[PDB]
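Student: Chains A, C, D and B, in that order, are what the protein sequence lines are. Sequence positions in the first sequence follow PDB author numbering and run 7 to 207, 212 to 261. Sequence positions in the second sequence follow PDB author numbering and run 7 to 207, 215 to 261. All you need for PDB author numbering is the position in the third sequence, starting with 1, plus 6. Sequence positions in the fourth sequence follow PDB author numbering and run 7 to 207, 216 to 261. No residue lacks a Cβ here, since even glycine has one placed at the ideal position from N, Cα and C. This is the structure I want to talk about, given as C-alpha cells.
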Amino acid sequence: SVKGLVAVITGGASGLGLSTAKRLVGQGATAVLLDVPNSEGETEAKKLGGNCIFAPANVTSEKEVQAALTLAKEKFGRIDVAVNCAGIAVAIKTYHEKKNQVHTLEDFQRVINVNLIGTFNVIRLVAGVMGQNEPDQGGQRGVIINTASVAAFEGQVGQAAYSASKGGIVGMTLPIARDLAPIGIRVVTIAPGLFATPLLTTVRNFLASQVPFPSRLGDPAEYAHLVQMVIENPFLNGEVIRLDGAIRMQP
Amino acid sequence: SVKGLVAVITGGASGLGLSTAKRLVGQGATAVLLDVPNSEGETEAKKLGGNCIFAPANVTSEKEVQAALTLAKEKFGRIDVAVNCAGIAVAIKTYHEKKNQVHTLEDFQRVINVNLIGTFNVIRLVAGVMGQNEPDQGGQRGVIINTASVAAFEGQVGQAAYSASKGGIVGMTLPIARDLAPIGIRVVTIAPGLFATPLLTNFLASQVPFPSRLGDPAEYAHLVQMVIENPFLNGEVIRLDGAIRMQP
Amino acid sequence: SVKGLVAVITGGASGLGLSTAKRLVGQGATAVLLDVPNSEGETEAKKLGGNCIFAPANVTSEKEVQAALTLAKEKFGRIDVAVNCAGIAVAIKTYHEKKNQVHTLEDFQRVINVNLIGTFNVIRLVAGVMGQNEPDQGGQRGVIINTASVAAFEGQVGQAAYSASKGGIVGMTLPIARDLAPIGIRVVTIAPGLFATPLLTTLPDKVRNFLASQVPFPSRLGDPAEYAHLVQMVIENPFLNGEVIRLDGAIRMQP
Amino acid sequence: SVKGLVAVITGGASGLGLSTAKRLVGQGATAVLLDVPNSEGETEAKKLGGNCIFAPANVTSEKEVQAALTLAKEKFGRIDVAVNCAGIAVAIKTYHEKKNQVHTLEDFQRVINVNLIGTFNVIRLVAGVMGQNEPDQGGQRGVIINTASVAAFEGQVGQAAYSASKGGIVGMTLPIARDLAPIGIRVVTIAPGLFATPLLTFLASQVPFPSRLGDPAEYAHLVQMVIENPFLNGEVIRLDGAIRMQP
Ligand SMILES: NC(=O)c1ccc[n+]([C@@H]2O[C@H](COP(=O)([O-])OP(=O)(O)OC[C@H]3O[C@@H](n4cnc5c(N)ncnc54)[C@H](O)[C@@H]3O)[C@@H](O)[C@H]2O)c1
Ligand SMILES: NC(=O)c1ccc[n+]([C@@H]2O[C@H](COP(=O)([O-])OP(=O)(O)OC[C@H]3O[C@@H](n4cnc5c(N)ncnc54)[C@H](O)[C@@H]3O)[C@@H](O)[C@H]2O)c1
Ligand SMILES: NC(=O)c1ccc[n+]([C@@H]2O[C@H](COP(=O)([O-])OP(=O)(O)OC[C@H]3O[C@@H](n4cnc5c(N)ncnc54)[C@H](O)[C@@H]3O)[C@@H](O)[C@H]2O)c1
Ligand SMILES: NC(=O)c1ccc[n+]([C@@H]2O[C@H](COP(=O)([O-])OP(=O)(O)OC[C@H]3O[C@@H](n4cnc5c(N)ncnc54)[C@H](O)[C@@H]3O)[C@@H](O)[C@H]2O)c1
Numbered sequence: 007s008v009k010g011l012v013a014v015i016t017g018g019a020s021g022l023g024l025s026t027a028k029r030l031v032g033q034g035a036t037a038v039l040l041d042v043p044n045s046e047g048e049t050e051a052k053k054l055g056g057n058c059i060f061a062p063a064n065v066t067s068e069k070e071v072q073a074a075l076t077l078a079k080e081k082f083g084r085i086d087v088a089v090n091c092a093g094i095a096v097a098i099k100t101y102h103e104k105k106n107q108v109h110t111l112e113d114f115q116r117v118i119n120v121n122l123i124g125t126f127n128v129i130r131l132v133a134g135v136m137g138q139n140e141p142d143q144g145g146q147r148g149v150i151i152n153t154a155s156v157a158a159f160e161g162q163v164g165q166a167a168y169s170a171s172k173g174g175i176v177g178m179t180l181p182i183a184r185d186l187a188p189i190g191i192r193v194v195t196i197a198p199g200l201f202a203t204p205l206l207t212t213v214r215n216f217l218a219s220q221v222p223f224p225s226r227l228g229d230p231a232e233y234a235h236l237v238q239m240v241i242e243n244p245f246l247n248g249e250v251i252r253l254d255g256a257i258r259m260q261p
Numbered sequence: 007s008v009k010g011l012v013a014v015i016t017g018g019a020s021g022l023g024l025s026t027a028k029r030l031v032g033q034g035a036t037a038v039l040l041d042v043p044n045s046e047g048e049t050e051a052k053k054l055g056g057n058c059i060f061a062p063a064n065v066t067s068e069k070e071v072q073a074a075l076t077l078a079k080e081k082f083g084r085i086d087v088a089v090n091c092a093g094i095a096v097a098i099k100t101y102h103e104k105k106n107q108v109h110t111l112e113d114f115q116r117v118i119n120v121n122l123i124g125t126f127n128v129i130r131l132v133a134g135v136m137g138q139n140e141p142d143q144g145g146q147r148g149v150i151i152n153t154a155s156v157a158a159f160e161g162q163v164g165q166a167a168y169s170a171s172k173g174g175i176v177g178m179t180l181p182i183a184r185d186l187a188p189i190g191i192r193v194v195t196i197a198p199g200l201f202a203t204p205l206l207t215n216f217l218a219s220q221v222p223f224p225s226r227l228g229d230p231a232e233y234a235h236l237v238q239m240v241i242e243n244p245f246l247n248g249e250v251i252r253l254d255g256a257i258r259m260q261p
Numbered sequence: 007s008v009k010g011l012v013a014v015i016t017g018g019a020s021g022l023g024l025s026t027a028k029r030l031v032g033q034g035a036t037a038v039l040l041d042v043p044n045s046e047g048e049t050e051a052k053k054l055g056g057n058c059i060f061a062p063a064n065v066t067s068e069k070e071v072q073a074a075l076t077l078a079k080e081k082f083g084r085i086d087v088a089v090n091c092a093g094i095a096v097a098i099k100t101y102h103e104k105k106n107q108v109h110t111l112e113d114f115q116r117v118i119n120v121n122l123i124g125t126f127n128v129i130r131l132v133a134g135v136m137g138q139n140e141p142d143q144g145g146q147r148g149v150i151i152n153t154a155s156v157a158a159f160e161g162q163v164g165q166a167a168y169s170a171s172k173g174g175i176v177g178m179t180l181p182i183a184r185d186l187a188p189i190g191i192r193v194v195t196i197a198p199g200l201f202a203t204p205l206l207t208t209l210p211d212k213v214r215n216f217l218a219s220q221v222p223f224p225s226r227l228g229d230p231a232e233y234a235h236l237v238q239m240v241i242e243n244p245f246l247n248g249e250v251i252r253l254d255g256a257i258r259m260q261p
Numbered sequence: 007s008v009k010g011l012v013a014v015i016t017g018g019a020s021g022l023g024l025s026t027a028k029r030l031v032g033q034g035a036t037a038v039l040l041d042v043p044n045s046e047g048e049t050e051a052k053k054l055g056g057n058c059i060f061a062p063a064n065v066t067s068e069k070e071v072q073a074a075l076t077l078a079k080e081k082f083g084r085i086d087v088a089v090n091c092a093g094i095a096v097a098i099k100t101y102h103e104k105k106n107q108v109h110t111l112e113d114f115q116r117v118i119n120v121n122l123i124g125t126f127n128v129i130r131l132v133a134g135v136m137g138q139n140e141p142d143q144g145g146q147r148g149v150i151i152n153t154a155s156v157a158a159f160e161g162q163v164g165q166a167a168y169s170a171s172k173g174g175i176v177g178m179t180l181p182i183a184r185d186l187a188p189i190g191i192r193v194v195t196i197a198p199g200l201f202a203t204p205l206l207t216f217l218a219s220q221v222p223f224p225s226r227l228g229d230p231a232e233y234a235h236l237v238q239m240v241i242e243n244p245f246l247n248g249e250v251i252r253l254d255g256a257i258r259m260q261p
C-alpha cells in the first residue's frame, strides 16, 4: 500500500504525472505536483483535494526544486517517493534535407536540460531529503521513479535530442541505484510507448494503429498503475520497464 | 483486480509458482498447480482450499499439459491467466580443461527441454483455450507470464544451458505477443535475480545492491499480479533482482 | 590477418557460411565446410581449392560433428576458429486464428535442435580441440563466432521458434565466453538482419519482394560478403568477446 | 580499405582517438585531430606527417567545430569519416552520505556538455559536410562513429554523470542513423570497456579475456572495420574483453 506516503511528482499538472497523482491520492498518499507556473498545477491540485498541493518549480533550477522539496517536507513531514514526469519533446531531424537545415545546438541543449539534467536535478536533491528518513523494516528510505521512453531504444526520425535525453535517463538508472543502495533508496525507470496525453492528443491514430495489443494509445491511468506497483514492490530496483502494448517503433 | 480469474501455474508446487498461487487465491482468483507427480502439489493445493487444485503434468509432455488444461477449463470454466514457473537448473562448464570434461549434449538438451520447450508447449496449448474467452471490454482474452532469469543477460560460468534456455524465453516473448495480439492475449516475461526457493538447494545475498538479500517469492507473486492487472504491459521482459548484475 | 588459421564453418555449403569460407580462404586461411551430405558442400569446397575441404556432418549429431572436427584437426594440425552458420527457419504462428491451428511441438523442437542445440554441440566439442593449441603471445587459443539474428530482439509474427533459438544463442554467448576465458577462447555472436541467401524463401512472397524498403541504409538486403568481412574483423580483434553485434543496415523488425 | 578517406577524429590528441588516427593514416587515410588548443594535438599531427593535421577546437563550441571542419575541407577537400572520441569523466556519487554531499548540478552538466552535447555538435555539423559528397557506388556519403562506454549499461557507483552522457550517445545512435539514411551516412557507436589511456593510466584483473586493459590500437582496428563494413549501421558494439561492470 501507498497509503500515507508522500510523493513529489514532477510534470504533475498534466498527462502521466497528473494521472499518477490522481491514482496515488485516491489510494491515500499525499502528492506534491511540481510543474511550471504557467501549467494548470493549481487547478489540478485543488480538484484533487487537500492531500495534493502545487509547488511551482522548473526542474532545471536548483533553487526552485529545493524550494518545492522544502515545501513538501514542511507540509507533509517527509518525502517517500519522487516520480519524474516533467519533460518536453521536439521532432527535429539532425539534418533536414529539403530545407538544408542543421538541427540547432540550442534545441538539442534545451531538450537535454529539461529531460535529462532536470530529472537528475530532482533525483540528487530528493535523495538527500529521503536520506533523512528512518528506514522502514526492510531498510528502505524512499523510491525514485523516472520516465524515459521507448525512444531510448527505437528513436524515430526527428527524435535525436529526445532519444538522447531518454537514453541518458536509462544509462544513469543503474549507477544511481547503486549509489543510493547504502541508504535504501530504490531507483526505477518506466519507458512509456505512445500514451494519450497532451503530447499526442490521423497523425495520432496512425501511431495508435501500430500498437500490437491493446491497439490504441496507452491510457495515462495505466502508467499510474505501474508507478503504484513499482512503489509497492520492494525488490524492483535498477531496471527500466517498457509500458507500450508491445510496440517497436519504426523510423 | 484478479478476483474471479482462473490461473494455471506451472511449477506451482514450490517456490515462485507456489507463492504466486498463494497470492492470487488470497486475492480471489482460482489457481491450478501444474507440476510433476513427485512434488507436494496435492498437499499445497489442499492447504489453499477449493479454489486451488493440483493437476499433475510434466511440461515437456503435450499429452499431460493438454489433459491439465482441460481439467482446469472443465473445473473452473475457462483459463484467463497462465504463469510458467516450471524450470530446472544445472551448473556445468562448457569445457573444463583440468578434468578435460566437455559438457554433455544430453545435459544441455534436458535444460532446454524443460525450461524453453516446456514453456512454449504450455503457451501454445493455453493460447487456444484463452482464445475461447469472450473478449473483455478492452478486447483482452488472457495474459501469459513466463519466467526467464537474469542469466539470460549475465549468465555465469557454468550457466550455459540455463542461460540458453532463458535467453530463448526472452527471445520469443515479442514474437509470441505479436502472434497473439489479434486475439487479445498479452505475453510478458519476468526475469528474477536470486530468490529464496528450493531451486537453491551460502554467500549469495551479499551481491545484491538493495535490498541486500535474496528475493522473497511473494515479491515475484506481487509482480505477477501487477502484470495481470496492467492492460498495457506486453511483449516486455522485467528484471526483478534488487539491481544485481551477475559476475562470472 | 587470418593467413594460416584453420576455420571450421558450419552451414559452409551456402549463404553466409559459404561467403565466410570464400573470404577467409582468399585471405589465406584454411576452411573446413561442415554441412549436410545432401548439399553443394563438396562442389563448393572443390571450387575453393586445396585449402577448403568438405566435412559432411549434421550439427545435431555428436558423432558426426566430432568426426568432422577430428578430420580438420588431423588434416590441418589444429583448429583456430569455429563459425556457426548452420541453421534453418520456419514461419509458423503460435496460434493461427483463421485456420484454428496451433504450432506443433515438434516444429518448435526441430528449430531449437538445429539452431540452438546444434550450435552448442559444435561449441562444446570444438572448445577442447582449441584448448590443445599453444596460446599465442596474448594468451589466445581460439575464436568461436555464432550466428543469431535480429529475430532474437524483434521476432516477427510467425517467428516464435526461430527467435527462441536465436535468443538462446544470444543468452549463452556471455556464459560460454566466461567459461572459456581461462583457456583463451573468445566467443562472439553476430546477429544478422536480412541477407540475400537461399534462406529467404521462408518469407511469404509478397513479403520478401518487400524487405528493402524496411532497411534504412543501405536500403537493400545484406550481401553475404558483408557478413564474411565482419567475421574476419571478429577473428582479428583480440579484445572483442562476450558480445552480440547486429549487422542489419539499422533495421528494426516490425510484426 | 580506408585508403584516401578523410577522417576528422575528435579527442585525436590522445588515447583512443590518437591510436585511431595512427592506424588510419598508416592505412593511407588522411586525418584531422580535433582537440583542445592546450592538448598535444599539433605535435602528434606533425609526428604523423603531411596526411595528419590538427584543428584546435572544443567540441562544445559551434564556432570552433565549424572552423575545424572548414580547415579539414580546405586541407583535404572533403570529409568522409568522423570519429567522436573527445570526452571526460568524473567519479562523484549522486549523494554521498559520509560527507552529506549531493552531487553538484554543475559537475553533471559539464560531463553531459562535453560528452553528449559535444558529440551531437560534431555529428550535426559534419553531417552537413558529408552530405556535400557525391555518393559512392553503394550510395554512401560518410560514416560517423561515436564512443559511448560500457558505463551506458553497467554504470558503477560514482558514474551517474558519465553513464548519463554515454547512455545518451547510445540512445541517439539509432534515430541519427535513421535521420541520415536518406543521405547515405551510417552512424555506429563503440562502447569500450576499460582501456589503457590517460583516462585510466585491479581493473585489469576484472576483464575475463584477454585479462588486461584494452590496447587503444584494438579500438582503432574496430573503427577501421566499421568504416569498411557497408552494412553496419545504427548499432552499438561493446569492445571490452567480456567484462560486465560491478558497482
Ligand atoms: N505521452 C507519451 O506518449 C509519452 C511517451 C513516452 C514518454 N513520455 C514521457 O512522459 C513524461 C510525461 O509526459 P506527458 O505525456 O505526461 O506530457 P505532458 O506535456 O502532458 O506533461 C508533461 C508535464 O511536464 C511539465 N514540464 C515540462 N517542462 C518542465 C520543466 N522544465 N519543469 C517542470 N515541469 C515541466 C509540463 O508543464 C507538463 O505539465 C515526459 O517525460 C514524456 O517525455 C510520454
Ligand atoms: N529461485 C531463483 O533464484 C530463480 C532465479 C531466476 C529464475 N528462476 C526461475 O523461476 C522458476 C521457478 O523456479 P523456483 O525458484 O520456484 O524453483 P522450485 O524448484 O522451487 O520450483 C520449480 C517447480 O518447477 C517444477 N518443475 C520442474 N520441472 C518440471 C517439469 N518438467 N514439468 C512440471 N514442473 C516441473 C518443480 O517440480 C518445482 O515444483 C524457474 O523457471 C526458475 O528457472 C528462479
Ligand atoms: N539470410 C538471412 O537473412 C539471415 C538473417 C539472420 C540470421 N541468419 C542466420 O544465418 C545462418 C546462415 O543462414 P543462411 O542465410 O546462410 O542460409 P542458407 O540456407 O543459405 O545456409 C544455411 C546452411 O546451413 C546448413 N544446415 C542446416 N541445417 C543443418 C544441420 N542440421 N547440420 C549442418 N548444416 C545444416 C544448410 O544445409 C545450409 O547449407 C543461419 O544460422 C541463419 O539462421 C540468416
Ligand atoms: N579509456 C577507457 O577506459 C574508456 C572506456 C570507455 C569509454 N572511453 C571513452 O573513450 C573516449 C576517448 O577517451 P580516452 O580514453 O582516449 O582518453 P584521453 O583523455 O586519452 O583522450 C580524450 C581526448 O579528448 C579530448 N577532449 C576532452 N574534452 C574535449 C573537448 N571539450 N573538446 C575537444 N577535445 C576534448 C582530450 O583533450 C583528450 O585528448 C572518451 O569518449 C572516453 O569517455 C574510454
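Sorry if obvious, but does the Cβ on C:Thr49 come closer than 8 Å to a heavy atom of ligand 3?
Tutor: Reading the second sequence from its first residue, position 43 is the one you call residue 49 of chain C. No; taking the cut-off as 8 Å, the Cβ of C:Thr49 has no heavy atom of ligand 3 nearer than that.
Student: Is there at least one non-hydrogen atom of ligand 4 closer than 8 Å to the beta-carbon of C:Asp86?
Tutor: On the second sequence, residue 86 of chain C is found 80 positions in, with the first residue counted as 1. Every heavy atom of ligand 4 is 8 Å or more from the Cβ of C:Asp86, so no.
Student: Please classify C:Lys9: is it buried, with 16 or more other beta-carbons within 10 angstroms of its beta-carbon, or exposed?
Tutor: As a first step, residue 9 of chain C is located in the second sequence; it is residue number 3 there, counting from the start. It is exposed - the Cβ of C:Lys9 has fewer than 16 other Cβ atoms within 10 Å.
Student: Taking C-beta to C-beta, are D:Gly190 and D:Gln220 nearer than 9 Å?
Tutor: Residue numbering aside, residue 190 of chain D sits at position 184 when the third sequence is read from its first letter. Residue numbering aside, residue 220 of chain D sits at position 214 when the third sequence is read from its first letter. No, the Cβ-Cβ distance between D:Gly190 and D:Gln220 is not below 9 Å.
Student: Just mark A:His109 as buried or exposed, buried being the case when its beta carbon has 16 or more other beta carbons within 10 Å.
Tutor: Residue numbering aside, residue 109 of chain A sits at position 103 when the first sequence is read from its first letter. A:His109 should be labelled buried.
Student: Does any residue of chain D bring its CB to less than 9 Å from the CB of C:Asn139?
Tutor: On the second sequence, position 133 is the one that residue 139 of chain C refers to. Cβ-Cβ to chain D under 9 Å: no for C:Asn139.
Student: Would you give the residue range spanned by the alpha helix (DSSP H) that A:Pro181 belongs to?
Tutor: Counting from one through the first sequence, the residue named residue 181 of chain A turns up at place 175. That run of the alpha helix (DSSP H) goes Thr179 to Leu186.
Student: Answer yes or no: the CB of D:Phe114 versus the heavy atoms of ligand 3, is any distance below 8 Å?
Tutor: Residue numbering aside, residue 114 of chain D sits at position 108 when the third sequence is read from its first letter. No; taking the cut-off as 8 Å, the Cβ of D:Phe114 has no heavy atom of ligand 3 nearer than that.
Student: Label C:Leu11 either buried or exposed according to how many other C-beta atoms from any shown protein chain fall within 10 Å of its C-beta, with 16 as the threshold for buried.
Tutor: The count along the second sequence starts at 1 and reaches residue 11 of chain C at position 5. Classification for C:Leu11: buried.
Student: Compute the minimum distance between the beta carbon of A:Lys81 and the heavy atoms of ligand 3, and state whether it is under 8 Å.
Tutor: Start at 1 with the first residue of the first sequence, and residue 81 of chain A comes out as number 75. Because no heavy atom of ligand 3 lies under 8 Å away, the Cβ of A:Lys81 does not count as near it: no.
Student: Taking contact to mean 3 or more Cβ pairs, one atom from each stretch, closer than 8 Å, check whether the region 67 to 78 of chain A and the region 120 to 136 of chain A are in contact.
Tutor: The region 67 to 78 of chain A vs the region 120 to 136 of chain A: in contact.
Student: Residues of chain C with a CB under 7 Å from the CB of A:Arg192: which are they?
Tutor: Within the first sequence, residue 192 of chain A is the residue found at index 186, counting from 1. By Cβ distance, chain C contributes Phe223.
Student: Between the region 148 to 173 of chain B and chain C, which residues of the former have a C-beta closer than 8 Å to a C-beta of the latter?
Tutor: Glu160
Student: Going straight from the alpha carbon of C:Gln107 to that of D:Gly173, what length do you get?
Tutor: Working through the second sequence from its first residue, we reach residue 107 of chain C at position 101. Working through the third sequence from its first residue, we reach residue 173 of chain D at position 167. Taking the straight line joining both Cα atoms gives about 26 Å.
Student: Got a sec: is the Cβ-Cβ distance from D:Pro198 to anything in chain A below 9 Å?
Tutor: Taking the first residue of the third sequence as 1, we reach residue 198 of chain D at position 192. It does not: the Cβ of D:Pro198 has no partner Cβ on chain A nearer than 9 Å.
Student: Is the separation between the beta-carbon of B:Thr66 and that of B:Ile123 shorter than 9 Å?
Tutor: Here residue 66 of chain B refers to the residue found at position 60 when the fourth sequence is read from its first residue. Here residue 123 of chain B refers to the residue found at position 117 when the fourth sequence is read from its first residue. Yes, the Cβ-Cβ distance between B:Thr66 and B:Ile123 is below 9 Å.
Student: Is D:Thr203 near ligand 3, with its Cβ less than 8 Å from a heavy atom?
Tutor: As a first step, residue 203 of chain D is located in the third sequence; it is residue number 197 there, counting from the start. D:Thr203 Cβ: within cutoff of ligand 3.
Student: Does any residue of chain C have a CB that is nearer than 9 Å to the CB of A:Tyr233?
Tutor: In the first sequence, counting from the first residue as 1, residue 233 of chain A sits at position 223. Yes - at least one Cβ of chain C is within 9 Å of the one on A:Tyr233.
Student: Just to check, is the beta-carbon of B:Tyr168 closer than 8 Å to a non-hydrogen atom of ligand 1?
Tutor: Taking the fourth sequence and counting its residues from 1, one reaches residue 168 of chain B at position 162. Not so, every heavy atom of ligand 1 lies at least 8 Å from the Cβ.
Student: Run through DSSP, which three-state label would D:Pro230 get?
Tutor: Here residue 230 of chain D refers to the residue found at position 224 of the third sequence. The answer is helix: DSSP assigns D:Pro230 an H, G or I state.
Student: By the criterion of Cβ-Cβ separation under 8 Å, what are the contact partners of A:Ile123 in chain B?
Tutor: Taking the first residue of the first sequence as position 1, residue 123 of chain A is located at position 117. Neighbours of A:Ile123 on chain B, chain order: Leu111, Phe114, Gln115 and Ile118.
Student: Where do the N-terminal and C-terminal ends of the beta strand (DSSP E) with B:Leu39 fall, by residue?
Tutor: Mapped onto the fourth sequence, residue 39 of chain B falls at position 33. Counting along the chain, the beta strand (DSSP E) containing B:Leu39 begins and ends at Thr36 to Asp41.
Student: Quick one: which chain C residues come within Cβ less than 9 Å of B:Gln260?
Tutor: Your numbering for residue 260 of chain B matches position 246 in the fourth sequence. Near B:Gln260 (Cβ distances below 9 Å), the residues of chain C are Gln220, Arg258 and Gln260.
Student: Using a Cβ-Cβ distance under 9 Å, would A:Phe223 count as near chain C?
Tutor: Here residue 223 of chain A refers to the residue found at position 213 when the first sequence is read from its first residue. Yes, because at least one Cβ of chain C sits closer than 9 Å to the Cβ of A:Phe223.
Student: Applying a beta-carbon distance threshold of less than 9 Å, which residues of chain D neighbour A:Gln260?
Tutor: Residue mapping note: residue 260 of chain A aligns to position 250 of the first sequence, counting from 1. The contacting residues are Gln220, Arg258 and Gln260.
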